[PDB]
């Protein structure tokens, strides 16, 4: 405490934890602090007593019918990992995945359409029979998926008049005559886009590669391409604090940040806590530590629901991804629902945690997610969690202050992984090297 460090990291959300670990295994001396006595900040993992204290009052105690409090590990901002996606690869680079850490598969992958949720179809055979599509759209979509699944960039016989390395997806969509019913599950539930702007801005080959990653992971784990840590995302700050200890640093909880110390040029030189100042060349943290350097970008509502039953139409799946595309709901933002339960040891036996999340568009944020909550009824206990979202004004290169974005409403980790890579590139000034390997402590 109060030394000289290469970097000071503020906050124990996943983005800061991963950046901090990447710096430590690269040889940097890291001081990592958090003002709270717990990990995660806005993305903390709470038990049932903590949920009632936070959402109902200091005196409020949970009813016995909800079960034993310490059986709950409720991640306030739950997200699944794509089995071989960017975050999984970044976590492997830090080495924390080899610890006493288990990833378990998610049982379900579902998408919404006309008041019902259905399994996400992958193969041309499944698309030709999927209840998501009408009779005439099934035929057009079966041909589209056959072409995309049979496409080989190096084999011109499969090109059939398109160069997906250069052409965008909108031309391929219009050629096969598919509607929003096809592009929704394809673009949002398989390729994991959050809006349809990709149809004109990215080559079709990139979209095809994303669908292949979904199929690759799905065939590896069976039921879905998604994994989630046993006991929930709260395990990640724990392993990263042990990782920091292995490399000589320590995670300091319950340490309030008095001020950031800047020089005459406005560049960071230290962080002051309890009258002591720790010198550093850079500082990294989430928006809450630099109110003067961020701007509000919107709101996200998350409604956390404890259920005593699986979601109808998911075939009694005990954990599940459910996508609500905006064009199926009359919205400009998708709604996301992820379901976890005792199978990931986040809830007692027979309990399910279903968390519904979306970007706020109106004056009645709760009403925006009513379409999802109606599919979850009956709900034993419901907690409304609305947060403001922030983004840094500058990239950090001028002032040495590298600030992460708040977590968006998606229930997968791609956008958090994209932010992690971007922050690390802003720190190092170099393109992210996916082959960098840790140094001996």
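Residue numbers count along the first chain shown, from 1.
In this entry, 267-275 has the higher mean Cα B-factor, the comparison being between 211-219 and 267-275. For the segment pair 83-91 and 159-167, the entry gives 159-167 the higher mean B-factor, averaged over Cα atoms.
Across 192, 120, 133, 241, the greatest Cα temperature factor reported in the deposited entry is at 133. The PDB entry gives the largest Cα B-factor of the residues 352, 175, 112, 289 to 175. Per the deposited record, the Cα B-factor of residue 334 falls in the lowest third when ranked against the other modelled residues of its chain. Per the PDB record, residue ranking by Cα B-factor puts residue 312 in the lowest third of the chain. Annotation for residue 419: CA B-factor lies in the lowest third of the chain's modelled residues. When all modelled residues of the chain are sorted by CA temperature factor, residue 255 is found within the highest third. Among all modelled residues in this chain, the alpha-carbon of residue 124 has a temperature factor (C-alpha) in the highest third.
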